[PDB]
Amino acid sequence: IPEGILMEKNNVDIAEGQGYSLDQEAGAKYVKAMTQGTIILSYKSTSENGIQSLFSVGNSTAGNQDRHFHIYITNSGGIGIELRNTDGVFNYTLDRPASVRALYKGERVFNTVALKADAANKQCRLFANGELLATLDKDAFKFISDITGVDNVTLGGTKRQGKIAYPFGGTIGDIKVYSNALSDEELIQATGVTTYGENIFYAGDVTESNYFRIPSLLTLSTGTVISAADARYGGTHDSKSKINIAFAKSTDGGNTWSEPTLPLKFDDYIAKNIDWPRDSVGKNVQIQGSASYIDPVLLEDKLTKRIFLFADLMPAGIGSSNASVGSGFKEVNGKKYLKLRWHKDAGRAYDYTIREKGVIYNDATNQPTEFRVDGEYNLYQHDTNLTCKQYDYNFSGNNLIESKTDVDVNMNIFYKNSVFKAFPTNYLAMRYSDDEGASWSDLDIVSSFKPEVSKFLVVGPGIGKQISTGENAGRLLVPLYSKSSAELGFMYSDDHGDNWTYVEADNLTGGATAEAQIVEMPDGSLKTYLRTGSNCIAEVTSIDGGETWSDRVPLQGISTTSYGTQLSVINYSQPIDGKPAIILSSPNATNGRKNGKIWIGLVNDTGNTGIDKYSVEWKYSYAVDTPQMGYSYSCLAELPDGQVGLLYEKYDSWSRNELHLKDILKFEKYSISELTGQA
């Protein structure tokens, strides 16, 4: 077996189910006996077949169907390999979901993939579109030379008992088979030749997070486009984990993005890049004692030009599912104050309050203590800043070890080792900025209005809304949802963000996930679209600036799952087909978060008044990729040019099989021409 390229083929069209034989290639004899090596190939799949082998080498004879090696892709964008010589001898597998795509902007596109079988390092590595996807370490290194009775080298399928299995359909742009193991750098470079859309936040950036979720995108009146997202450090798990809120902006219409910042973050647990295990056991493990911020909402007050960032604030070890029932506040002298528990009192004895100027009072004696908190809620004892040891987290097999380090961080009321601990329910936090993110204000916990009977009261991630016309012109609104007297809710402000008022939009006590986004009608009335626990997206209308809302009505014609997925709906500044238009994004499949689509809805005046004044005709739908390709949370934004920007999760964020995937938050842009099927 010579050193270097053993075989190369270009521009091979493969009819679905036919495959293509490489047995007469000069180097087939070498490829059939490879002890290690590298395979790199460019392809365009035109088939919807479940599993599609790109390249294979094996035994095609009767009874030898489990004797082969193949690199394959799935119609859902997964990619992987199977190295087999019957299960009793060996069955090595490696894969990663949502690694490749099929369609981009209405046309089938090429993807570049690579498999590296490194004998010297006893390791197998998969790459695709500039990314290292997965790694397999085996003490008993095996390759093609280890398969019994190899008799074929095939493109577009795997020969099993004389039949073409895992049938590919499309074009193999180029395939190169090397006897040697190329470097990871060479492969990142080689496969990186085909990329689609761009990343704002990514694994390796200054956030020090390997994972991201929950996108927020907003174009400011100044033309600057801003964005935010959960920077999920301990895998992609929801709260009761270590999560911070990342932020970035673009001053060139979304072409390039600034070095990300972390406006909302906690330091009780270190922020670091860690590969979370994806095996059947480890994937379920999450960080237990860390505080976190989760689900961002961005909003601009066009009058003052001030921007706001809201997010749920989870005390140490808390998430929505394990939050305690209560507001977290106590009323004294008619005023609500954040309540605290001295670490040496009874488990549920919150006999202290944070009052004016952060001074902590003893409620029993009604006298101030020697403690106080600053604008960041960090503790001070007699004007000295208190501190505690920061925690680190590492896996020891399938067990996640959370241990204290020697690093001192400021003691915060939301940390597990604080001497004064906040009530274990969730809070609503916010910071404002008058310089587009160069600096942010102190931490403002606006949830003093949280019903004492509620388990959780959280935000509907995405963007907020400011009424532009009518009697309530200027009012700021942020969507909320909860497990309490109401499900859907909202908080609004008439004094440009200084103070907020809570509104219950229904009387549902089930606590279903009613994440919503708000859109304004021509006369200033509002229509809110929301996720529900039923098989449809719901619509509610308000004619009094969000103070009262109509009963839910299903959004007819736009399919979804029972559990649902967050959606994005925005106003568009110019008319489409001569009418006011709103744009909606959401996965369209009835099972699984996949088949994402962008819809354009035209506003019609029915001729009636009040709640029934307007009707929306969802005239256009745009499919982002093929039907099985993953698509979850998203956020649309009208860019300074006519375009519509989209920051979304390109995978299935609900699936227990697609957890902990890096670089799945993508940014794409589309013209109204594209969106309306007008090419």
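Residues carry their position along the shown sequence, with the first being 1.
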Of 541-549 and 157-165, the one with larger mean CA B-factor: 541-549
106-114 versus 306-314 - which carries the larger mean C-alpha B factor in the record: 106-114
Out of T528, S99, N535, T74, highest CA B-factor residue: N535
Among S292, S209, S454, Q367 - the residue whose C-alpha B-factor is largest in the record: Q367
Relative C-alpha B-factor of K32, binned into the chain's lowest, middle or highest third: middle
Where the record places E48 (Cα B-factor, split into thirds across the chain): middle
CA B-factor ranking of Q466, expressed as a third of its chain: middle
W276 - which third its CA temperature factor falls in, relative to the rest of the chain: middle
Third of the chain's Cα B-factor distribution that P627 belongs to, per the entry: lowest
